[PDB]
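Heads up: the sequence shown is residues 3 to 120, 189 to 225, 264 to 340, 384 to 760, 793 to 1040, 1073 to 1155, 1214 to 1716, 1722 to 1756, 1774 to 2103, going by full-length UniProt numbering. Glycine residues also receive a C-beta, built at the ideal position from the N, C-alpha and C atoms. All remarks here apply to the structure that follows.
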Amino acid sequence: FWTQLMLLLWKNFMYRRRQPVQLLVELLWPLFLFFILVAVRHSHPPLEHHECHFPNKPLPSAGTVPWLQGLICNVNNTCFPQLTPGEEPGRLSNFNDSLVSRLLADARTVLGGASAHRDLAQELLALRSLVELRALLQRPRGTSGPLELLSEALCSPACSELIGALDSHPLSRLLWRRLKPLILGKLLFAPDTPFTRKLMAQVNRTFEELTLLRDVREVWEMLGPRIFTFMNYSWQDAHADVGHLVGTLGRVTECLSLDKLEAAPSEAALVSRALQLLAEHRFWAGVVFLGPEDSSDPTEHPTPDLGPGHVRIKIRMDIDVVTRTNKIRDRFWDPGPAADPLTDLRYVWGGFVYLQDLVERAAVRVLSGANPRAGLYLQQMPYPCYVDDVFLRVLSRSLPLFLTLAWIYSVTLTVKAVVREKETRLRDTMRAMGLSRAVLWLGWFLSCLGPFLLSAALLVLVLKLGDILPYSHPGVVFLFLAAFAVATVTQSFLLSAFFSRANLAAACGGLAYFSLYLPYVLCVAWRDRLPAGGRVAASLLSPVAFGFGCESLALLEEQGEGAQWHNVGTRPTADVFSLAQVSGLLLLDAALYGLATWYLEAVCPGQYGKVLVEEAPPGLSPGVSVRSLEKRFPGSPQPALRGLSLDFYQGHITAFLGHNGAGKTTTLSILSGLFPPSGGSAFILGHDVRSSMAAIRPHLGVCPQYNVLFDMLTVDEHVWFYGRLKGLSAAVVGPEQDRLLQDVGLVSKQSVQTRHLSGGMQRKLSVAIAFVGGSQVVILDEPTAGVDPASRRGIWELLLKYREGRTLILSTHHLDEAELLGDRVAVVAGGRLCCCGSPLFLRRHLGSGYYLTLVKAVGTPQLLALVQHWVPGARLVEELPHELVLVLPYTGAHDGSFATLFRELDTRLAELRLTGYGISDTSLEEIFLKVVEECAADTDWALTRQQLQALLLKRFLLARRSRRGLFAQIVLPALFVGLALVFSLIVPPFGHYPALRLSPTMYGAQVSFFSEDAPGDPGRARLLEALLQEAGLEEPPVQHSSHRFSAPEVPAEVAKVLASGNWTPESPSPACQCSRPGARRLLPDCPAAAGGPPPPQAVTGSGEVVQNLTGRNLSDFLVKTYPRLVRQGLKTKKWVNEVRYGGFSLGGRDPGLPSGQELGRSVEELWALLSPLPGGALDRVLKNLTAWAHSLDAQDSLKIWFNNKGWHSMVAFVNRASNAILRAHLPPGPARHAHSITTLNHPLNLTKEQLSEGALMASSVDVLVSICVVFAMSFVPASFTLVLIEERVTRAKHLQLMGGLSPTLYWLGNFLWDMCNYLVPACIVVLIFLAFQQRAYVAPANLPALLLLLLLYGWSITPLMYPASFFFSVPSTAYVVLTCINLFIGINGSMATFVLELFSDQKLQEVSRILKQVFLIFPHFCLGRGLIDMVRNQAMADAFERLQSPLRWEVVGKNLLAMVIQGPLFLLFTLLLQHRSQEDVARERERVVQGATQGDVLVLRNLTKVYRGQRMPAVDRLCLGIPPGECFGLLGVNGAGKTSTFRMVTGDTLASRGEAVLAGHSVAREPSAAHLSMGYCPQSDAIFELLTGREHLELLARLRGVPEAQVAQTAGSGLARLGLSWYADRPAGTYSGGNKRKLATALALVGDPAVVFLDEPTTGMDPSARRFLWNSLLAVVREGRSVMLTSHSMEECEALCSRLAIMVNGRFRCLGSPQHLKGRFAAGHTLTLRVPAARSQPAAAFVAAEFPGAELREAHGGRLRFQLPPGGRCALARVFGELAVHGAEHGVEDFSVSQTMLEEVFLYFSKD
Ligand SMILES: *[C@@H]1O[C@H](CO)[C@@H](O[C@@H]2O[C@H](CO)[C@@H](O[C@@H]3O[C@H](CO)[C@@H](O)[C@H](O[C@@H]4O[C@H](CO)[C@@H](O)[C@H](O)[C@@H]4O)[C@@H]3O)[C@H](O)[C@H]2NC(C)=O)[C@H](O)[C@H]1NC(C)=O
Ligand SMILES: *[C@@H]1O[C@H](CO)[C@@H](O[C@@H]2O[C@H](CO)[C@@H](O[C@@H]3O[C@H](CO)[C@@H](O)[C@H](O)[C@@H]3O)[C@H](O)[C@H]2NC(C)=O)[C@H](O)[C@H]1NC(C)=O
Ligand SMILES: *[C@@H]1O[C@H](CO)[C@@H](O[C@@H]2O[C@H](CO)[C@@H](O[C@@H]3O[C@H](CO)[C@@H](O)[C@H](O)[C@@H]3O)[C@H](O)[C@H]2NC(C)=O)[C@H](O)[C@H]1NC(C)=O
Ligand SMILES: Nc1ncnc2c1ncn2[C@@H]1O[C@H](COP(=O)(O)OP(=O)(O)OP(O)(O)=S)[C@@H](O)[C@H]1O
Ligand SMILES: Nc1ncnc2c1ncn2[C@@H]1O[C@H](COP(=O)(O)OP(=O)(O)OP(O)(O)=S)[C@@H](O)[C@H]1O
Ligand SMILES: *[C@@H]1O[C@H](CO)[C@@H](O)[C@H](O)[C@H]1NC(C)=O
Ligand SMILES: *[C@@H]1O[C@H](CO)[C@@H](O)[C@H](O)[C@H]1NC(C)=O
Ligand SMILES: *[C@@H]1O[C@H](CO)[C@@H](O)[C@H](O)[C@H]1NC(C)=O
């Protein structure tokens, strides 16, 4: 058991040792992909980012100075790792050290002190703020722009000049980019009803209040000169500085739109005016005050409540500035704060929130009827520290793909090797020698699995070294890769168990290896949709399981601890498989694959997809015995093998004799261990083979018919393997090897150590191998099945050298080989034992005896009396004239009695007029036919015009016969797209911008804040209560108090930690969380169970959670608690639903001075004094100053926290806050439900310049239809090339070439035909498009472009694939391959270009236009993308002007021109490819050389052919002279060179040396003239299957030139000459064997060629048809036309052909007429002697002495034949008595004489 496994492993390794290239490829190819992956990883390393806090952004409702401070200071949005002052619950303003704030505070306290007084100089002098202001005023420029000075202070042609000055600094250029649209904008409102007029007046009041500096200016200019004239460092500097500041402020006010507010009557006019302003770049925003009572709201409810009181608003702006409003959350989650002002924070610089706040404030002021106050601020939540790395998701989604791409190659090699050893049956013989399937399959396991576990280790090493998977231990990953390798090996064997062909299985198994990877890709995208349980079901496929384990590997890799011994059995997340449980599924799937193979091998088993007896030897010992053995196949009800009672004896070479199909191979195989005997017994050597099992194998050796040799194994290795397996010991295998080696004499050939280098001789080695075990019994099967006659001598000699002591049973089909070797013969026919006996005993048991024929140049009774005188018995069977056959009596035949007859005949020969007597022995050929037949009975330009017409006719008749094939290949693709048009009538979603109802409820269930700070005010209570009302909570405020505690319990384990620390809520309460430790990386931050430890009170309303976080550290709480909400949804990482989005905090501390009443009192006192103006401008200014002083208090404020990862979070909560304020200021009752505000978002239409880019988004569904059109139209040309491939595979194409047809005209006819075929689908497609009214297609300008595209695409694509006919030798496979190639090129190119154009965010990828201009050199890409450009061009024109043409040569014109250029060159290429190629014997040999005979039709002259690599000519130095009026004959054994001679003479194959002339026409000089008068009929039956034979005949006649009227009669005569009457109307495909041959012969005969060539005309043909062939050829030769014919039927040549030539090794031997040959050498008699002594000297000595001629013919130990001088003058009677005496003189049992037999001519054939 172990030795068999060792031998199998040694063989499997010996295969691989020989090839040093496939091993290198399989070792290096998998590593290249991972080196590429290592390079990619080295390209993009991860980046680490720390914590950062964001500053505060104030809204205009809070104020104007802080709002400007936020506009300029907070542009950069720089992170601050430390806490910012704005986040503290008390502080609401960040800038405390700002110069402006210091100036304001100092001024307020100075006026307060002055009002208290009425010392002032002392208070004012000690002020740093005044000194700083003076220094800032005294600045000699030094700044790029005034914005720099403004920043330093805080933290019209003149206007254009100021902008140009600002252009100097790019950083300030961004500031002006943010400022210019709002400064110079044109606000608009489509409704102009008086209510909207009131609203816009309220809004305009803000800008009117902003326009109050000019009044202070003019009071300055009218009070300046008064003081200047009154009084005339302090004075001179002060006056100049005040004047300069006033002038600068006035210059700033010069660039003011002032009345930016404008109105429009309608929405359409609104859009038009906005577009015009955008063209002028003067547009900022547009507003629409749509009324709910109008109810004209697209895709939204008309109104929530009936009647007025509800305000619905739409703010439309430029698309480039407002965020796209199609989707809510990003499609790929990112590990970042999502806070970059340029890319994601668009509303801050866009201005949407500013205008929303202004409009909401105006609306609440109008509706409520009161004056609310609420300073709104915007604050960004802080974010933990993280690491940005895109590479880990790349591994999560891409690692399985690279592994499968690396391991496809080994699966291909394994499947090809298994199917190779399966197809050639080299494995099937190993079962007979004893080896069982288990050993072979275990050898396959342990041998194929080798390279997999040598590549897995290298991959693991590369993974660890290349930093792709660091911080992990290689053992755990190896224990997974090895499981995958086992699973894929079993899968490869399962695939190998499907097919029975080598190349097909090798190419197809690699397809099913990849096709099972698709479900993983299809299910990873639908991660949430699939249930948990179905994942295990989908994990049955091995790559799916590998991917599902690889996601867990990557997920554990993120957390800093890769696959390691600590966490092998731990699930990283609730619904991801642990790395351990994946291996179990992989091994279970491998076992399932093994069981599937085990079952599948059982579906088709077994199939390799008269009582006259003599039993009496001198020693009776039945070493082998078969008794009543019978076997029945289920397919045939009659048994395959019937009763076989034949016995065997040791030492006798018993031979089976029977025709093919008699059950000989089955009977031989039953005795061996390959099939079960159905019944009876098969006792061998005394113990049955089934029972004896391996005990009988060492004494039995079997060699079957098919050759059993392993190609790569050397000469000696075969004997080594085949001796070791039988159980032979190690020391003597050397000797048995040497014995068989010299017995065949291959010692020197053992040095080269090759097995596939030597050919033909291998059968000798295969026969010898059967004797390696010294077996007592040997069962050979056809030892001479397919070897040449030159080598059968060695097989005969060895099989007779091993004849003594070893029973040998062989099976031969030839009748000759049943007498030379067989000691007994058993006749089998139809699976039954017809006859048995011995060769000598069989011959004697006939009714007739010994034949003596008497020819005539007197009277039978005189001869009868003379014969009766010498021998009494005389049977007279034949008495016809000219021959007198006498039957000598075998019963009582005597050597002397027959002798005396010839003695008297010679003396009386003259007067008897016999002139020769013929003695004939009873031949064994006819008795075999006699008994079997008896046994069977017992059981029972003018030429061109006719030339083009025929080619079209042949193709036309092809379509008529096959209409189902034409319909599917042509009509079905056209109807494929047609049904799609109706099914694709759904609305196309492409990216259009709908209107989104911006509200907080759209996001969904969430957690919200209602923290309160400084609640000591009755007014704040109303707002706090109102905030809860909108959230859906219980209306009464005391409900929370009624609920009392509404919080979860504190965890017990955290209580000890809290007690350990101080846990003051304000100061840092909890402990720090985990972070990046330097050597490790973490994506999130993992805290303890104590982050803001006590669960804050939570109340649930209507799908919402509200949390009371008052007096608690908010920043630390948010930072600590953030990752816990996210980690629930990090499993899929596609659409992450955060839980907290936004929250409110009611600030109560005011930044400015709380007491502004004293400032107002001081202002009023100043107004009363100082002579107030009667006009009242100064009084107006001071009244507004007092109003500002009252507004300085800012009694209540509010702050809003928002999460930036939610795009529309800001606006929704601003809307919620404004609605809450409106509810709060409205008194309680039903009025609260009546009043509400709704806000929306809808971007404007695309501008023309923006249309030029957005048209790309407009393509939409067009891509889907274009792909279907390309797919449908990519079918037909493969069907076009199908028929051409079929014609080229058969020789019928060469028949057409040999005819009058020229290949170029044939190609042209094919081109016209298949264009005529292709034209119909184009029209069908056009009418289908026109029927359903596609706007892009039905346009009068577009239609000609589409028609030209379709017609030209058909016209040029066809010549691409005609050259592919030569490459592919099979029709069906080429069809699929070329269709897939067309689909590949077209779809891939079109999709790649279309995607590249869409996503041209970076202009570097836009340069692909030159790549497309390269792609115009390819013809199939032109059709695909060309249709895409057609639809868009009309789409733009439908909106560019209504709200140029495809015929012009830029959209599809380039494609058309280039592809028409491509058209003819491929036809030229294939046409060039078609023409790419550029003593009797001695007397006749000299005659041709000396002179040429004009009568000779065919004259060969020194013809020679040399195949490459053979080094010996197939035909060498061949020359012949053939007279015209006779019929020739050529003879030779298979392999002599007949077919090569016919091909060079005919012209199919090039001639290496020499030329032939036909009818005075040289082949090289003018082949076409020679082609006219020749008719060729090879062995191959070159006909068109689909057409009927008659159509073939009319077609060839039309090529021949028969007049059209007589064509039918010519066809009738041509068919009637060779039957075919019943098969005339039947297609050539459905013909029997002989019918095709006779049809081909008739086709060669039709047209009456001058010379007709026939290669093997008769091969298994009925005698009647061959007789018709005789008659036809006799008539032809009567007419005077030469017929060259070659066949192996020797009786045919003698009867008809005038001359016969026999050829060996390409050289003639006789070259004479049959009658000359029959007399020159084939005359005389040959004595046949049987000698058991095996001594040549005793037999040769007496024959040579008695007869002068001592030539030896057919010398063998079994039987010896002799040659003696022919035509002996002495009587033949001399030998008979001489034989009688010399049988005693020298050892000879019996003899026979061969004198002028019918077989004498046959014996002549064999020897020469
Ligand atoms: C609400 O919770 C907040 C959580 O951040 C907390 O913020 C802390 O604010 C204080 C300053 O008021 C800072 O405390 C730091 O504590 C660490 C302890 O590890 C000290 O090392 C650190 O000293 C410096 O820290 C720098 C950056 O960490 C470092 O580069 C220097 O070399 C030096 O070591 C500070 O003293 C810190 O900003 C915040 N961290 C904490 C948790 O202390 C708030 O105090 C809390 N609410 C309030 C307003 O009290
Ligand atoms: C949100 O949480 C705050 C936590 O301060 C709640 O305010 C507190 O509510 C309780 C009644 O449930 C009151 O406590 C009172 O404290 C004073 C001493 O300051 C004591 O003399 C009283 O007998 C009473 O215990 C008070 O309203 C307030 N306590 C404070 C200032 O801490 C608030 O009620 C929660 N939200 C809602 C709407 O329930
Ligand atoms: C800006 O783009 C909008 C996109 O909706 C254009 O509105 C659409 O314009 C078409 C005319 O081109 C109109 O279609 C009408 O639709 C109603 C049903 O809503 C139908 O009953 C009418 O018979 C007509 O087909 C309509 O104004 C509107 N169509 C819609 C809402 O689907 C708008 O014209 C563009 N404006 C400019 C000047 O760019
Ligand atoms: N695969 C098969 N193997 C053996 N016998 C078969 C097979 N298929 C059919 N038969 C039966 O075998 C009989 C026909 O003769 P076979 O036994 O096939 O001849 P054979 O032994 O192949 O002939 P030769 O001349 O020895 S190669 C009929 O009973 C068939 O139904
Ligand atoms: N596949 C092959 N086709 C043609 N010739 C071959 C082939 N293989 C070897 N030969 C050479 O051709 C000669 C043997 O075949 P030929 O005698 O030319 O033809 P043939 O065997 O009589 O042809 P048939 O009757 O069609 S099998 C020797 O020179 C061979 O070496
Ligand atoms: C500075 O201190 C606190 C910080 O918020 C602030 O309330 C106060 O008004 C500031 N002082 C001034 C007026 O600059
Ligand atoms: C809006 O304000 C401007 C001043 O900026 C004023 O000229 C104009 O008349 C106002 N329009 C309305 C509708 O009040
Ligand atoms: C502010 O000025 C406006 C004029 O623009 C005046 O109508 C209004 O009464 C003033 N408001 C107060 C209260 O100062």
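{"Check": "C-alpha distance - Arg1973 paired with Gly1820, whole-angstrom precision", "Outcome": "8 Å"}
{"Check": "Beta-carbon proximity of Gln945 to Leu892, cut-off 7 Å", "Outcome": "yes"}
{"Check": "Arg678 versus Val1536, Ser1342, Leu1403, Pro416, residue with shortest Cα-Cα distance", "Outcome": "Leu1403"}
{"Check": "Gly1699, buried or exposed, once every other Cβ within 10 Å from all chains shown has been counted against 16", "Outcome": "buried"}
{"Check": "Contact under 7 Å by Cβ, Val1941 with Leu1888", "Outcome": "yes"}
{"Check": "Heavy atoms of ligand 4 versus C-beta positions, residues under 6 Å", "Outcome": "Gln758, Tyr759, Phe816, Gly818, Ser819, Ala823, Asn843, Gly844, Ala845, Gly846, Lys847, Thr848, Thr849"}
{"Check": "Reduced DSSP category for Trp1474 - H, G, I as helix; E, B as strand; rest coil", "Outcome": "strand"}
{"Check": "For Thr1394, the first and last residue of its enclosing alpha helix (DSSP H)", "Outcome": "1387–1399"}
{"Check": "Under 7 Å between C-beta atoms of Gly1416 and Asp1286", "Outcome": "no"}
{"Check": "Opening and closing residue of the alpha helix (DSSP H) in which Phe34 lies", "Outcome": "24–45"}
{"Check": "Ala1320 beta carbon near ligand 8 (any heavy atom closer than 6 Å)", "Outcome": "no"}
{"Check": "Delimiting residues of the alpha helix (DSSP H) encompassing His1866", "Outcome": "1862–1867"}
{"Check": "8 Å contact criterion, which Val719 and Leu706 should meet: CB distance rounded", "Outcome": "With 8 Å as the limit, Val719 and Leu706 do not qualify as a contact, their Cβ atoms being about 14 Å apart."}
{"Check": "Heavy atom of ligand 8 within 6 Å of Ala1299 beta-carbon", "Outcome": "no"}
{"Check": "Residues of its chain near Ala656, where Cβ-Cβ distance is below 8 Å and the 5 sequence neighbours each way are ignored", "Outcome": "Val566, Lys567, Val570, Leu646, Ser647, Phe649, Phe650"}
{"Check": "Endpoints, the alpha helix (DSSP H) within which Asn1457 is located", "Outcome": "1450–1464"}
{"Check": "Whole-angstrom C-beta distance between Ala1877 and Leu1568, which should lie under 8 Å", "Outcome": "5 Å"}
{"Check": "Beta-carbon spacing of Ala1493, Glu1303 below 7 Å", "Outcome": "yes"}
{"Check": "8 Å contact criterion, which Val1810 and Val1946 should meet: CB distance rounded", "Outcome": "About 19 Å; that fails the 8 Å criterion."}
{"Check": "Boundaries of the alpha helix (DSSP H) in which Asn2000 is found, first to last residue", "Outcome": "Run containing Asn2000: none; DSSP gives neither H nor E here."}
{"Check": "Under 7 Å, CB to nearest heavy atom of ligand 7: contacting residues", "Outcome": "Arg305, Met308, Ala309, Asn312, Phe315, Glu316, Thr319, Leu409, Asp410, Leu412"}
{"Check": "Straight-line Cα distance separating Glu316 from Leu412", "Outcome": "11 Å"}
{"Check": "Whole-number beta carbon distance between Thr995 and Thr967, since they are thought to touch under 8 Å", "Outcome": "7 Å"}
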